[PDB]
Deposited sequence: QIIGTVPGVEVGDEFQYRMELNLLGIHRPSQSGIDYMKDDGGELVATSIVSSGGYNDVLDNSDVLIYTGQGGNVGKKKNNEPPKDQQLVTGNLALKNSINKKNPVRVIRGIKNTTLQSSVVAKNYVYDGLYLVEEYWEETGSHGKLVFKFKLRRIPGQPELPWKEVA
């Protein structure tokens, strides 16, 4: 469970399957968009996320990414501040890097990001959704 850059894995590096990410230690979950662990105080923190179209994420060509939280069937219900969602929230204060893998060879490693903030939105269904603002840490190579 590495935080930050993983040996041998360069920005721009591509992969065909979620499990290749698992093998390399990039992203563990087979399916879940968010991977996390415990810190040196047992609070949850985020290590990596996947944005592959599973939700309505905002992936322009900028250093900022809006990542939707997980859950809530997205019969609709409120997303919840536990697990990955929680991990991501905590990662704002912890200011730790988070690997970002983007879907498109179906996945590219996008580099490191910090979680700057989060908020709740209320969708059409009437239920709660989380949104996380991640900014790409400066100084890294660029992905075409």
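Undergrad: Comparing the deposited sequence against the modelled residues, what ranges come up empty for C-alpha?
TA: Residues missing from the model, as numbered along the full deposited sequence, span 75 to 81, 112 to 122, 163 to 167.
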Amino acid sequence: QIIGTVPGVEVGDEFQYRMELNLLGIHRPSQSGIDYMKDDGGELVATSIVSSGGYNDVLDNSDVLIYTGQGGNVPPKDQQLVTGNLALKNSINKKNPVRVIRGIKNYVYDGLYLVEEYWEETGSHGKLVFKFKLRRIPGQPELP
From here on, numbers count along this sequence of modelled residues.
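Each form is matched to the other, and the largest set of C-alpha atoms that superpose within 1.5 Å is called the rigid core.
Undergrad: Once the rigid core is matched, which of the two stretches, 78 to 86 or 56 to 64, lies farther off on average in 4 other deposited structures of this protein by C-alpha?
TA: If we average over structures and residues in 4 other deposited structures of this protein, the farther stretch is 56 to 64.
Undergrad: Out of 34 to 42 and 61 to 69, which one has CA B-factors that are higher on average in the deposited record?
TA: 34 to 42 has the higher mean C-alpha B-factor.
Undergrad: Higher average CA B factor in the deposited record is what I'm after, so tell me if that's 52 to 60 or 83 to 91.
TA: Looking at the recorded C-alpha B-factors, 52 to 60 comes out higher on average.
Undergrad: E120: which third of its chain by C-alpha temperature factor?
TA: Lowest third.
Undergrad: Which third of the chain holds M19 when residues are ordered by C-alpha B factor: lowest, middle or highest?
TA: For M19, the deposited C-alpha B-factor lands in the highest third.
Undergrad: Give the position of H27 by CA B-factor within its chain, expressed as the lowest, middle or highest third.
TA: According to the entry, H27 has a C-alpha B-factor in the chain's middle third.
Undergrad: Sorting by Cα B-factor within the chain, modelled residues only, which third would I104 end up in: lowest, middle or highest?
TA: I104: CA B-factor falls in the highest third of its chain.
Undergrad: Sorting the chain's modelled residues by C-alpha B-factor, tell me whether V11 ends up in the lowest, middle or highest third.
TA: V11: CA B-factor falls in the middle third of its chain.
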